[PDB]
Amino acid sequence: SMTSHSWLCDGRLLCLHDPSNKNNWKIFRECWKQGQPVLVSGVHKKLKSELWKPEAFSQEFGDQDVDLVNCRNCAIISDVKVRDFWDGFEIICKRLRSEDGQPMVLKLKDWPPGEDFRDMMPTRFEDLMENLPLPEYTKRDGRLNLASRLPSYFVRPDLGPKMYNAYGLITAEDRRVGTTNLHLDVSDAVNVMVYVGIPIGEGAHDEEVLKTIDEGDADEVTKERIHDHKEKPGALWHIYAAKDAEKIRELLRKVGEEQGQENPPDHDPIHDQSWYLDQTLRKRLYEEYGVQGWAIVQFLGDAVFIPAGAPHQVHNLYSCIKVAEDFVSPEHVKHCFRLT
């Protein structure tokens, strides 16, 4: 039977089932006011799927110049063509190679650049913004979005959306690396999985995806979504409550010292965006600092709501296209205020 919602993370995570339900706000707002993230499934079924394929991004924009990042080592690959990224998205043999002659795991940096999404891709912008869940919170002019209503005493987000495009991580060594490192934002965000590309040529790395989710600390209901429904899994997230950020800073300052980094006692390891919390660091955060997170697997069409001030990291299981919009909910406006 169709249901309004379910729970993940052993009851700590709301999952809404109908992205366009005019009553979602009544369930959402009680979880959101406590500083929890929220998951909304099924947004892919509202979108024009032909607008979100990698082949169409290559055909229409392939001649633009861009930089990429090598996710394994943080190296920047300067001033290449955007088709060099898209044409290897799903076909491994077509990927750029490192000196070792392996195909690289790559992320496309800042594309479309700055606030240009709307200008470059007007039809995609319409399709996304018209189908965001919780529209009174997430639309530019929604009645519960304060982004356009605050004076300069508050940090206001840029005009979005922002696109996040990157290959999936592959090997047992890759399990310790991020697509996006641990960091926080002063605004609220909604991030949608609009496309998941499951490769071919070295397509058979299905078993290291299972070990990654297991060791990622995912719940038994999330493990059922794979085996039972055959939905396409994109990315493994870890999110932490805004109130735990300083304990996470304290762990990461201790670890930097142990690893002979040399840093002033005040420096901000979260703001540096230089860390990925692997199984060892997550266990140490729980045991030694008493901090528990939410481990979330974002499938095709899932929308992740990230609260202002919440530290978070992302690890792509397969090749993904994500589109995110920032907003300022009244519940969390404290987090972008410039005083006390």
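Between two forms, the rigid core is defined as the largest C-alpha subset superposing within 1.5 Å. Start at 1 and count along the sequence shown; that's the residue number.
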Worksheet item: When the core is superposed, where do the C-alphas shift more in 8 other deposited structures of this protein: in 108 to 116 or in 225 to 233?
Response: 225 to 233
Practice prompt. For the higher mean C-alpha B factor in the entry, choose 277 to 285 or 300 to 308.
Written response: 277 to 285
Practice prompt. Give the stretch, out of 224 to 232 and 104 to 112, with the larger mean C-alpha temperature factor in the deposited entry.
Written response: 224 to 232
Worksheet item: Reading the B-factor column of the entry, which of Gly203, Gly168, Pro133, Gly88 has the highest value at its C-alpha atom?
Response: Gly203
Worksheet entry | Identity of residue with top Cα B-factor, from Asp214, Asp84, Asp188, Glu246 | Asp214
Discussion item. Using only modelled residues of the chain, where does the Cα B factor of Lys33 rank: lowest third, middle third or highest third?
Written reply: middle
Discussion item. Please place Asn23 in the lowest, middle or highest third of its chain according to the CA B-factor in the PDB entry.
Written reply: middle
Item to complete: Place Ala241 in the lowest, middle or highest third of its chain's C-alpha B-factors, as listed in the PDB entry.
Response: lowest
Worksheet item: So where's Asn145 on the chain's Cα temperature factor ranking, which third?
Response: middle
Practice prompt. Could you tell me which third, lowest, middle or highest, the C-alpha B-factor of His315 occupies within its chain?
Written response: lowest
